[PDB]
């Protein structure tokens, strides 16, 4: 089946991504479109194949972190609209207009100089722009209704720019306390009511992330931005509890056993620092994955893997390329057996959310730090490719 020189890989199940998209479509209003977020190599899953599938099954537009990440998508043949969520330097204004990438802006002087650059070169293309309004996140965006109007005034006087959206971001929509979420919404609405009482037409309006699409579908306005929900992961345990929508996890991580031996001769120390000493009838197995792959060293003498449907412990310290596990006295196993690191095997499961708890972080970090030297295989209609 799968053939590798070093035997470790990732499996990503696209049939699961498709069911996550259907669950979200039925729950939100029909007038509202879906923009799929695939920044940071598709939250670790691989960005090319997941953007392709998503656009075949419900998404209309895409979001990324930087001009460079959008260029990898256009090079694979994707023609849909693509919005950059971070800040972009004026260095890349000409390049973004040529690959037809949409950028966010919120400054009167950036607006002005962006227009000049494309003016002084004639340019048949018009750069599309989305305005970001800061109602409580404190990261980027415009902050008062009077200076938002200067920006609207300026963007309108720019013949080489095109206004195609306006948006904001919720900073606590995954927590039981809904105080601040209700306040940001109130502020955002009054700024567009301000702009509307002057003859200004509004383009596409969007505010919801995964959690706010599930708890407040009445905020869906024109469009939502589906992020961690697309990969089948819940933004918090509280949003998982309201039992409103059913998601399925897309990703598992596997490998094959490299060597087996019984610890009969001395010494019987195991790994750097000699932090674990074996028994003379103990069986010890060696796997090809390490902390340079993204398997945290903090799981030394702590975490597990699944061999033959059993949980088994890491023995000693994690190293850069390999880990060691214990099979017990007279344990059972062969060079070449299959092991599951994140995922499900026979009747067992080690979930991404468990490993995240064990390390005191959130599931976003676990998946999106898995290295690119590990190959990703895709399963669609129960079969393999790439």
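Here, rigid core means the biggest group of C-alpha atoms that superpose within 1.5 Å across both forms. Positions refer to the first chain, counted from 1.
With every structure aligned by its rigid core, 120-128 is the stretch of 120-128 and 289-297 whose CA positions lie farther away in 6 other deposited structures of this protein. In 6 other deposited structures of this protein, superposed on the rigid core, the segment with the larger root-mean-square CA displacement between 86-94 and 269-277 is 269-277. If you average the C-alpha B-factors over 283-291 and over 192-200, the higher value belongs to 192-200. Mean CA temperature factor is higher for 143-151 when stretches 223-231 and 143-151 are set side by side in the entry. Considering 66, 345, 47, 319 together, the PDB entry gives 345 the largest C-alpha B factor. Taking the deposited Cα B-factors for 164, 241, 100, 209, the highest one is held by 241.
When all modelled residues of the chain are sorted by CA temperature factor, residue 18 is found within the middle third. The entry lists a Cα temperature factor for residue 338 that places it in the middle third of the chain's modelled residues. Ranked by Cα temperature factor within the chain, residue 58 sits in the middle third according to the deposited record. Residue 75: CA B factor in the lowest third of modelled residues in this chain (values from the PDB entry). Split the chain's modelled residues into thirds by C-alpha temperature factor. Residue 110 is in the middle one.
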